[PDB]
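Below is one structure, written out as C-alpha cells; the observations come after it.
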Amino acid sequence: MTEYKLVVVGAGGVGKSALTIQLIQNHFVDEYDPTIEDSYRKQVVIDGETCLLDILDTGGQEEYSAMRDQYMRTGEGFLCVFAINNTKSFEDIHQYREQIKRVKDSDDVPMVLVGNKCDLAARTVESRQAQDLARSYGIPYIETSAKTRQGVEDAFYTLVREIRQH
Ligand SMILES: Nc1nc2c(ncn2[C@@H]2O[C@H](COP(=O)(O)OP(=O)(O)O)[C@@H](O)[C@H]2O)c(=O)[nH]1
Ligand SMILES: [Mg+2]
C-alpha cells in the first residue's frame with residue numbers, strides 16, 4: 001500500500017489542528033491544545049488507489065522537535081495554511097516556504113497553499129491575493145473551512161495529487 005507523508009505548517013491559530021482533526025474524525029473543535037504536536041494516520045482511497053496518509057500537525061514555532069525535523073526532512077508534501085481573516089498569517093507564508101525550500105534544497109516541492117476559515121465573514125485576505133501568491137510559487141491555492149468541512153478533503157487530496165506529479 002502506498003503511503004503519503006504530509007506536513008501541515010503555518011502561523012499559530014490559523015486552523016492547522018482543526019483541519020487535520022476534521023479530516024481524521026469528521027468533527028470541528030473550538031479549542032485544541034495549541035501545544036499538542038503529533039502525527040495522525042488515515043487510510044483512504046484517492047483516485048482508485050488505497051493509500052495511507054501520515055500527517056504531521058506541527059505545533060509551536062521557532063522550535064525543532066525531533067519529530068518535526070524528521071517529517072520536515074522526510075515529508076513529501078506540505079500544506080501551508082493561513083486564515084482568511086488573519087493578514088499576518090498570510091504574510092507569514094513567505095517564511096514557511098523559504099524554510100521548506102531550504103530543508104529540501106529545492107524550489108520544486110509538493111505544496112498546496114490553504115486559506116482557512118472561509119466560513120467567517122469580512123475576510124481580510126482576498127482570494128485573488130492568495131491566488132497570486134500561489135501562482136508565484138507554482139502551486140495550487142484552495143480555500144477551506146475546518147468548521148463546515150468545505151474544501152478540507154480537496155486540500156489534502158490535492159496535496160497527494162501534487163506529490164504524484166513529482
Ligand atoms: N470559524 C472557524 N474557526 C476555525 C476554523 N479552523 C480553526 N478555527 C478556530 O481557530 C482557532 C485555532 O484553531 P487551531 O486548529 O487550534 O489552530 P492551529 O494553531 O493552527 O493549530 C480555534 O479556536 C478553532 O476552533 C475554521 O475553519 N473556521
Ligand atoms: Mg495546533
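Order determines the names: the first chain of the C-alpha cells is A, the second B, and so forth; residues in each chain are numbered 1 upward, and ligands are numbered 1 upward as they are shown.
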
**Study point:** Those of range 15-135 of chain A in DSSP strand (DSSP E), formatted as a PyMOL selection string
**Key:** chain A and resi 38-46+49-57+77-83+111-116

Could you save the residues just selected, with N, CA, C and O atoms, as a CSV table (one decimal), in the first residue's frame?
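Final output, saved to again-v4.csv:
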```csv
chain,number,residue,atom,x,y,z
A,38,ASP,N,1.5,16.2,17.0
A,38,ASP,CA,1.6,14.8,16.9
A,38,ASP,C,1.2,14.4,15.4
A,38,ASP,O,0.9,15.2,14.6
A,39,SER,N,1.4,13.1,15.2
A,39,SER,CA,1.1,12.6,13.8
A,39,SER,C,-0.2,11.7,13.9
A,39,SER,O,-0.5,11.1,14.9
A,40,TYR,N,-0.9,11.8,12.7
A,40,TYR,CA,-2.1,11.0,12.6
A,40,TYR,C,-2.1,10.2,11.3
A,40,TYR,O,-1.5,10.6,10.4
A,41,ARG,N,-2.8,9.1,11.4
A,41,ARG,CA,-2.8,8.3,10.2
A,41,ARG,C,-4.3,8.0,9.7
A,41,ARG,O,-5.2,8.0,10.5
A,42,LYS,N,-4.4,7.9,8.4
A,42,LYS,CA,-5.7,7.7,7.8
A,42,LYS,C,-5.7,6.9,6.5
A,42,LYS,O,-4.9,7.3,5.7
A,43,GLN,N,-6.5,5.9,6.4
A,43,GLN,CA,-6.5,5.1,5.2
A,43,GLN,C,-7.6,5.6,4.4
A,43,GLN,O,-8.7,5.7,4.8
A,44,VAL,N,-7.3,5.9,3.1
A,44,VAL,CA,-8.3,6.4,2.2
A,44,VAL,C,-8.1,6.0,0.8
A,44,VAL,O,-6.9,5.7,0.4
A,45,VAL,N,-9.1,6.1,-0.1
A,45,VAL,CA,-9.0,5.7,-1.5
A,45,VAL,C,-9.0,7.0,-2.2
A,45,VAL,O,-9.9,7.8,-2.2
A,46,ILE,N,-7.9,7.3,-3.0
A,46,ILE,CA,-7.8,8.5,-3.8
A,46,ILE,C,-7.6,8.1,-5.2
A,46,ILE,O,-6.6,7.4,-5.5
A,49,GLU,N,-6.9,4.4,-5.7
A,49,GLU,CA,-5.8,3.9,-5.1
A,49,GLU,C,-6.0,3.9,-3.5
A,49,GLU,O,-6.2,5.0,-3.0
A,50,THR,N,-5.8,2.8,-2.9
A,50,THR,CA,-5.9,2.8,-1.4
A,50,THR,C,-4.6,3.2,-0.9
A,50,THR,O,-3.6,2.6,-1.2
A,51,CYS,N,-4.6,4.3,-0.1
A,51,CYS,CA,-3.3,4.7,0.5
A,51,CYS,C,-3.4,5.1,1.9
A,51,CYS,O,-4.5,5.3,2.5
A,52,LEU,N,-2.3,5.3,2.6
A,52,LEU,CA,-2.2,5.7,4.0
A,52,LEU,C,-1.6,7.0,4.1
A,52,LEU,O,-0.5,7.2,3.7
A,53,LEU,N,-2.3,8.0,4.7
A,53,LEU,CA,-1.8,9.3,4.9
A,53,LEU,C,-1.1,9.3,6.3
A,53,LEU,O,-1.6,8.8,7.2
A,54,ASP,N,0.1,9.9,6.3
A,54,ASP,CA,0.9,10.0,7.5
A,54,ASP,C,1.0,11.5,7.7
A,54,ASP,O,1.8,12.1,7.0
A,55,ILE,N,0.2,12.1,8.5
A,55,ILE,CA,0.1,13.5,8.7
A,55,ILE,C,0.7,14.1,10.0
A,55,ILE,O,0.3,13.7,11.1
A,56,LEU,N,1.6,15.1,9.8
A,56,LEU,CA,2.2,15.7,11.0
A,56,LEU,C,1.6,17.1,11.1
A,56,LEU,O,1.7,17.9,10.3
A,57,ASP,N,0.9,17.3,12.3
A,57,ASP,CA,0.2,18.5,12.6
A,57,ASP,C,1.2,19.3,13.5
A,57,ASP,O,1.4,19.1,14.7
A,77,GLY,N,5.1,16.2,1.1
A,77,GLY,CA,4.3,17.3,0.7
A,77,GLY,C,3.9,18.2,1.9
A,77,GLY,O,3.7,17.7,3.0
A,78,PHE,N,3.7,19.5,1.6
A,78,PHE,CA,3.3,20.4,2.7
A,78,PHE,C,2.1,21.2,2.4
A,78,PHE,O,1.9,21.7,1.3
A,79,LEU,N,1.2,21.3,3.5
A,79,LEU,CA,0.0,22.1,3.4
A,79,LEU,C,0.5,23.4,4.1
A,79,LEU,O,0.8,23.3,5.3
A,80,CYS,N,0.5,24.5,3.4
A,80,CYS,CA,0.9,25.8,4.0
A,80,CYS,C,-0.4,26.5,4.3
A,80,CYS,O,-1.0,27.0,3.3
A,81,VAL,N,-0.7,26.6,5.5
A,81,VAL,CA,-2.0,27.2,5.9
A,81,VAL,C,-2.0,28.6,6.5
A,81,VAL,O,-1.1,29.0,7.3
A,82,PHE,N,-2.9,29.5,6.1
A,82,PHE,CA,-3.1,30.8,6.7
A,82,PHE,C,-4.6,30.9,6.9
A,82,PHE,O,-5.4,30.1,6.4
A,83,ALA,N,-5.1,31.9,7.6
A,83,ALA,CA,-6.5,32.1,7.8
A,83,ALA,C,-6.9,33.4,7.0
A,83,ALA,O,-6.2,34.4,7.0
A,111,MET,N,3.4,21.1,-2.7
A,111,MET,CA,2.9,22.0,-1.7
A,111,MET,C,1.5,22.6,-2.2
A,111,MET,O,1.3,22.7,-3.4
A,112,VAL,N,0.6,22.9,-1.2
A,112,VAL,CA,-0.6,23.5,-1.5
A,112,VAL,C,-0.8,24.6,-0.5
A,112,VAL,O,-0.6,24.5,0.7
A,113,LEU,N,-1.2,25.8,-1.0
A,113,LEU,CA,-1.5,27.0,-0.2
A,113,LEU,C,-2.9,26.9,0.2
A,113,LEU,O,-3.8,26.8,-0.6
A,114,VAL,N,-3.2,26.9,1.5
A,114,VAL,CA,-4.6,26.8,2.0
A,114,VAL,C,-5.0,28.0,2.8
A,114,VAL,O,-4.4,28.5,3.7
A,115,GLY,N,-6.2,28.6,2.3
A,115,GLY,CA,-6.8,29.7,3.0
A,115,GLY,C,-7.9,29.2,3.8
A,115,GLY,O,-9.0,29.0,3.3
A,116,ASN,N,-7.7,29.1,5.1
A,116,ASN,CA,-8.7,28.5,6.0
A,116,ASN,C,-9.7,29.6,6.7
A,116,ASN,O,-9.5,30.8,6.6
```

**Study point:** Surrounding residues of range 145-154 of chain A excluding itself and chain neighbours under 3 positions, 8 Å, only C-alpha atoms, as a list in words
**Key:** residues 15, 18, 19, 22, 23, 26, 27, 28, 29, 116, 117, 118, 119, 142, 157 and 158 of chain A

For those residues, write C-alpha atoms to a file as a short mmCIF file (atom, residue, chain, number, x, y, z; two decimals), in the first residue's frame.
```cif
data_model
loop_
_atom_site.label_atom_id
_atom_site.label_comp_id
_atom_site.auth_asym_id
_atom_site.auth_seq_id
_atom_site.Cartn_x
_atom_site.Cartn_y
_atom_site.Cartn_z
CA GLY A 15 -6.57 26.11 11.94
CA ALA A 18 -8.78 21.85 13.23
CA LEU A 19 -8.19 20.92 9.58
CA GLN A 22 -11.74 17.37 10.58
CA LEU A 23 -10.08 15.07 8.05
CA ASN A 26 -15.04 14.47 10.87
CA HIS A 27 -15.69 16.94 13.68
CA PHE A 28 -14.85 20.55 14.43
CA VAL A 29 -13.21 21.57 17.71
CA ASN A 116 -8.73 28.53 6.03
CA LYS A 117 -11.79 29.80 7.99
CA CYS A 118 -13.71 30.64 4.80
CA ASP A 119 -16.96 30.38 6.81
CA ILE A 142 -7.52 26.04 -2.10
CA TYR A 157 -6.19 15.02 -1.60
CA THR A 158 -4.86 17.70 -3.95
#
```

**Study point:** ligand 2 neighbours within 8 Å using only C-alpha atoms and all ligand atoms, as a ChimeraX atom specification
**Key:** /A:12-13,15-18,32-37,57-60

Exercise for review: Tell me, as a PyMOL selection string, which residues lie within 9 Å of range 100-108 of chain A, counting only C-alpha atoms; anything in the same chain fewer than 6 positions away does not count.
Suggested key: chain A and resi 72-73+78+137-138+166

What lies within 12 Å of residue 129 in chain A using only C-alpha atoms, ignoring chain neighbours under 5 positions off, as a PDB file with N, CA, C and O atoms, in the first residue's frame?
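Resulting contents of around.pdb:
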```pdb
ATOM      1  N   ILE A  84      -8.112  33.294   6.344  1.00  0.00           N
ATOM      2  CA  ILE A  84      -8.703  34.347   5.523  1.00  0.00           C
ATOM      3  C   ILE A  84      -8.950  35.671   6.251  1.00  0.00           C
ATOM      4  O   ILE A  84      -9.079  36.721   5.615  1.00  0.00           O
ATOM      5  N   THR A  87      -4.460  38.601   8.297  1.00  0.00           N
ATOM      6  CA  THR A  87      -3.494  39.109   7.328  1.00  0.00           C
ATOM      7  C   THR A  87      -2.061  38.724   7.666  1.00  0.00           C
ATOM      8  O   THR A  87      -1.295  38.314   6.792  1.00  0.00           O
ATOM      9  N   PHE A  90      -1.124  35.286   6.567  1.00  0.00           N
ATOM     10  CA  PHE A  90      -0.914  35.216   5.111  1.00  0.00           C
ATOM     11  C   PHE A  90       0.484  35.769   4.745  1.00  0.00           C
ATOM     12  O   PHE A  90       1.209  35.207   3.912  1.00  0.00           O
ATOM     13  N   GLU A  91       0.856  36.881   5.365  1.00  0.00           N
ATOM     14  CA  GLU A  91       2.161  37.475   5.086  1.00  0.00           C
ATOM     15  C   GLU A  91       3.260  36.519   5.548  1.00  0.00           C
ATOM     16  O   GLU A  91       4.344  36.471   4.942  1.00  0.00           O
ATOM     17  N   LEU A 113      -1.212  25.814  -1.041  1.00  0.00           N
ATOM     18  CA  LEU A 113      -1.474  26.987  -0.206  1.00  0.00           C
ATOM     19  C   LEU A 113      -2.935  26.889   0.215  1.00  0.00           C
ATOM     20  O   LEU A 113      -3.807  26.769  -0.630  1.00  0.00           O
ATOM     21  N   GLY A 115      -6.181  28.574   2.342  1.00  0.00           N
ATOM     22  CA  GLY A 115      -6.751  29.747   3.008  1.00  0.00           C
ATOM     23  C   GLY A 115      -7.919  29.228   3.834  1.00  0.00           C
ATOM     24  O   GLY A 115      -8.996  28.951   3.293  1.00  0.00           O
ATOM     25  N   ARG A 123     -13.649  38.843   5.324  1.00  0.00           N
ATOM     26  CA  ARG A 123     -12.276  38.400   5.132  1.00  0.00           C
ATOM     27  C   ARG A 123     -11.323  39.590   4.947  1.00  0.00           C
ATOM     28  O   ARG A 123     -11.711  40.632   4.415  1.00  0.00           O
ATOM     29  N   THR A 124     -10.073  39.430   5.379  1.00  0.00           N
ATOM     30  CA  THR A 124      -9.077  40.490   5.204  1.00  0.00           C
ATOM     31  C   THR A 124      -8.024  40.131   4.146  1.00  0.00           C
ATOM     32  O   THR A 124      -7.198  40.962   3.782  1.00  0.00           O
ATOM     33  N   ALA A 134       0.138  31.945  -4.648  1.00  0.00           N
ATOM     34  CA  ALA A 134       0.291  30.544  -5.056  1.00  0.00           C
ATOM     35  C   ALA A 134       0.879  30.460  -6.473  1.00  0.00           C
ATOM     36  O   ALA A 134       1.775  29.657  -6.741  1.00  0.00           O
ATOM     37  N   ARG A 135       0.377  31.296  -7.380  1.00  0.00           N
ATOM     38  CA  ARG A 135       0.898  31.285  -8.745  1.00  0.00           C
ATOM     39  C   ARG A 135       2.398  31.622  -8.752  1.00  0.00           C
ATOM     40  O   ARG A 135       3.178  31.013  -9.492  1.00  0.00           O
ATOM     41  N   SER A 136       2.813  32.564  -7.906  1.00  0.00           N
ATOM     42  CA  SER A 136       4.219  32.945  -7.852  1.00  0.00           C
ATOM     43  C   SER A 136       5.097  31.783  -7.378  1.00  0.00           C
ATOM     44  O   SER A 136       6.279  31.708  -7.714  1.00  0.00           O
ATOM     45  N   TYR A 141      -3.909  26.875  -4.976  1.00  0.00           N
ATOM     46  CA  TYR A 141      -4.491  27.586  -3.839  1.00  0.00           C
ATOM     47  C   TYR A 141      -5.883  26.993  -3.642  1.00  0.00           C
ATOM     48  O   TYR A 141      -6.650  26.884  -4.596  1.00  0.00           O
TER      49      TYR A 141
END
```
